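Hydrogens, waters and symmetry mates play no part in the numbers below; they use all other heavy atoms, side chains included. Along the sequence shown, the residues carry numbers beginning at 1.
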Amino acid sequence: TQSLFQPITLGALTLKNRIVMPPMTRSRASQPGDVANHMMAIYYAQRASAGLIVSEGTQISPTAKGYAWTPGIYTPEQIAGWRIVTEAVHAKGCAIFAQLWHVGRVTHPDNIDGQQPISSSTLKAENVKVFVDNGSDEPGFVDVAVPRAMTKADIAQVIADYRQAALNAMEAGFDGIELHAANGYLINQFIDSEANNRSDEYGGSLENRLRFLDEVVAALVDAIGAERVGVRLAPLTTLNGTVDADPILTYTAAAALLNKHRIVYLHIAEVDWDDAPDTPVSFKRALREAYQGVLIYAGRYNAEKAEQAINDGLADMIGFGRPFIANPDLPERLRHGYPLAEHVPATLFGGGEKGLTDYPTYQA
Ligand SMILES: Cc1cc2nc3c(=O)[nH]c(=O)nc-3n(C[C@H](O)[C@H](O)[C@H](O)COP(=O)(O)O)c2cc1C
C-alpha cells in the first residue's frame, strides 16, 4: 500500500495521497430547492482524509436531474449550500471537485417538472429505473421515460448550462469540476453507438459521436481552466443502457480527444454496482498512452488491487466508493489493514443523518 500513500500533484493542487472518494449520489439535499446542506457538509468533512473528494452528481439545471433529492448547482441558494460543504472539506485540508451532472434520458418526468427527458435520440434506456419523491421519505423506484432527441438549440442550451455550472462550482469554493460523461447519462448517450441514432454532425461516425463531449469540455475549459477540469467515462459498463459497438476504439479515441484539451484528470468508472466487465490490462495501457494526465480508476478496488494498479503504471489514483460510504476513515483503515465496515443499502438514498454521518471511525 506504499504507492497508495504517496502524494500527487493535480494541477495547482498537491494532494496528500492517491485515494479518491468517488462521486456518490446520496439524495440528501434539502427541500424545497434541492440544496446541499449541513449534514452533507459533515458527511464530506468526515471523509476528508481522502486525497481527493469528488462530489455526488449535482445537476446543472432543473431538467438535468434524474433522481429525487439530489443537490443542484444552478441557483444562488444551491451555490451557497455547496459553499458550506467545500469550506468544511477545506478546513480538513482536502481538495474537492464538483461532479457536473445531466442525466439525459435516465430520469422520470416527476424529477424534471413534468418535462420529457432529452437525449441524443428517442431511444428509451432499456431495463433502467430511477427513483422519485412520492409523498414519503422512501425512494420510489420507477421505470425511466422515453426521451425526445435534442435539437441544435438544446445542445447550445446544455453547453451553456454546463459552462455556467462550472463557474457556479468555483463560486461555491470547489477546487475543480468533474464532467459526468459516464454511467449512461447524457453525454454517454451521445458517445455510445447503440444509444445514438442521430443523422447530423453529432452521430453516425466516431468523430461525430464524440463531438458533444468535445464541445462541452471546450466550454468547461474556457470557463475555468483545464487544470480544474476532470472527466469521467465508462467504456465498458452498460448498466444504465448505453452500449458501444467498439468500446476500445471509441474510448481510446475519447481519451486522446480529452488529452488534447489537457484536462487535469480522466476518471474511469470501471464498475457500476454489480456491472463489473472484464477490463483488459492492454486496454488500460492504451488509455495510459492516449491520455497523459492523472488517471483515476474506481470499481471494486481493495488496498492490494489499488497498489498493484498504481505500481503497474495503469493508474495514478484509485477511488473507493462503497467502502468510503461505511468507513469515514477509509484511508487509515487501508493503510493499517483494519477491517472495513460494510454499508447498508437501505440508507444509501434519501433519509437523513442515519446511514450518512453515523458510520463510526475505527475503534479497536
Ligand atoms: C450510493 C452510490 C451512489 C452513486 N452515485 C454516483 C454519482 O453520483 N456519480 C458517479 O459518477 N458515480 C456514482 N456512483 C458510482 C461510484 O462512483 C463508483 O464508481 C462505484 O460505486 C464503483 O466503485 P466501488 O466498487 O468502490 O463502490 C455511485 C455509487 C454509490 C455506491
Side-chain angles (χ1 to χ4, degrees), residues 1 4-5 16-29 39-57 67-71 85 89 92 94 96 99 129-131 137 139-141 182-183 232 234 236-237 239-240 267-279 296-310 315 317-364:
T1 71
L4 192 59
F5 288 96
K16 296 186 178 179
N17 59 54
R18 310 304 185 83
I19 296 162
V20 175
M21 174 181 174
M24 292 182 291
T25 292
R26 302 309 303 279
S27 292
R28 298 303 211 283
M39 63 174 49
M40 288 167 61
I42 294 301
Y43 165 69
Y44 284 112
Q46 283 181 165
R47 293 160 175 73
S49 62
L52 172 70
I53 288 177
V54 181
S55 82
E56 56 207 276
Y67 308 81
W69 320 307
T70 62
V85 174
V89 172
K92 293 292 184 176
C94 185
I96 181 169
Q99 185 188 60
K129 298 186 178 183
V130 295
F131 57 76
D137 288 59
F141 292 71
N183 301 343
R232 198 177 211 206
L236 307 175
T237 52
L239 185 67
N240 288 330
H267 187 173
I268 303 301
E270 194 171 348
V271 174
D272 201 28
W273 297 102
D274 288 316
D275 187 355
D278 178 59
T279 306
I296 307 178
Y297 279 84
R300 295 302 192 194
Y301 280 88
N302 55 22
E304 175 178 53
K305 297 181 179 182
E307 181 68 14
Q308 194 62 43
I310 296 172
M317 301 185 85
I318 297 293
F320 299 84
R322 284 163 280 191
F324 240 133
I325 298 278
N327 303 90
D329 58 342
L330 182 65
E332 185 75 359
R333 299 197 198 213
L334 293 176
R335 197 164 59 80
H336 278 86
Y338 291 150
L340 306 188
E342 297 197 89
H343 75 278
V344 177
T347 52
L348 288 174
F349 313 106
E353 292 202 305
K354 289 174 177 170
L356 183 75
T357 57
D358 61 357
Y359 281 100
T361 50
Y362 185 68
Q363 173 173 38

Peer 1: Exactly one of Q46, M21, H343 should register a side-chain contact (heavy atoms from CB on, under 4.5 Å) with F324. Which one does?
Peer 2: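 Between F324 and the candidates, side-chain contact (heavy atoms from CB on, under 4.5 Å) is satisfied uniquely by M21.
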Peer 1: Ring centres under 6.0 Å, that's the criterion: do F349 and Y67 meet it?
Peer 2: no
Peer 1: Got a second to check how far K16's NZ is from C94's SG, nearest 0.5 Å?
Peer 2: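 It comes to 8.0 Å.
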Peer 1: Looking at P331 and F5, what are the two nearest heavy atoms and their distance?
Peer 2: O-CZ, 3.2 Å
Peer 1: Which heavy-atom pair separates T237 from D272 by the least distance, and what is that distance?
Peer 2: CG2-N, 3.8 Å
Peer 1: So, the side chain of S27 versus the backbone of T25: is there a donor-acceptor pair under 3.5 Å, distance only?
Peer 2: no
Peer 1: Specify the closest pair of heavy atoms between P23 and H267, including all atoms of both residues, with the distance to one decimal.
Peer 2: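 Answer, listing the atom of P23 first, then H267: CD-CE1, 3.8 Å.
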Peer 1: Working to the nearest 0.5 Å, report the span between CG of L356 and CE of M39.
Peer 2: 6.5 Å
Peer 1: Drop me the distance from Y359's OH to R47's CZ, to the nearest 0.5 angstrom.
Peer 2: 8.5 Å
Peer 1: Can you pull the salt bridge (charged side-chain N to carboxylate O under 4.0 Å, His left out) pairs that have at least one residue in residues 348-364, sequence neighbours excluded?
Peer 2: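 Applying salt bridge (charged side-chain N to carboxylate O under 4.0 Å, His left out) to every pair that reaches into residues 348-364, excluding sequence neighbours, yields nothing.
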Peer 1: Can you tell me if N327 uses its side chain to pair, donor with acceptor, with the backbone of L340 under 3.5 Å?
Peer 2: no
Peer 1: Using modelled atom types and a 3.5 Å cut-off, is there a donor and acceptor pairing between side-chain atoms of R300 and backbone atoms of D274?
Peer 2: no
Peer 1: Please check: side-chain N/O of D329 versus main-chain N/O of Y362, any donor-acceptor pairing under 3.5 Å?
Peer 2: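 Yes; judged by distance alone, with no hydrogens or angles, the pair exists.
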Peer 1: Which heavy atom in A269 sits nearest to a heavy atom in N183, and how many Å separate them?
Peer 2: CB-OD1, 3.7 Å
Peer 1: Which residue is it: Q99, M40, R28? I am looking for the one with a side-chain contact (heavy atoms from CB on, under 4.5 Å) to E56.
Peer 2: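 Looking at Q99, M40, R28, the match for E56 under the side-chain contact (heavy atoms from CB on, under 4.5 Å) is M40.
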Peer 1: Is the side chain of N17 donor-acceptor paired with the backbone N or O of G51 at a distance under 3.5 Å, no angle test?
Peer 2: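 Yes; at least one donor-acceptor contact below 3.5 Å.
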Peer 1: Which atoms form the tightest heavy-atom contact between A48 and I53, and what is the distance?
Peer 2: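 So the minimum-distance heavy-atom pair works out to CA-CD1, 4.0 Å.
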Peer 1: Looking at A29 and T70, what are the two nearest heavy atoms and their distance?
Peer 2: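 Minimum heavy-atom separation between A29 and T70: CB-C, 3.7 Å.
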Peer 1: So for atom CD, which belongs to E332, do other residues, nucleotides or ligands contribute more than 12 heavy atoms lying within a distance under 6.0 Å?
Peer 2: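 Counting other residues, nucleotides and ligands, CD of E332 exceeds 12 neighbours.
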Peer 1: Roughly how far, to the nearest 0.5 Å, is NZ of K305 from CD1 of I310?
Peer 2: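 The distance works out to 14.5 Å.
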Peer 1: Roughly how far, to the nearest 0.5 Å, is CD of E304 from OG1 of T1?
Peer 2: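 So the gap between those two atoms works out to 11.0 Å.
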Peer 1: Can you tell me how far the CG atom of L52 sits from the CD1 atom of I296, to the nearest 0.5 Å?
Peer 2: 5.5 Å
Peer 1: Will you find, in the side chains of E270 and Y301, an N or O donor that is under 3.5 Å from an N or O acceptor?
Peer 2: yes
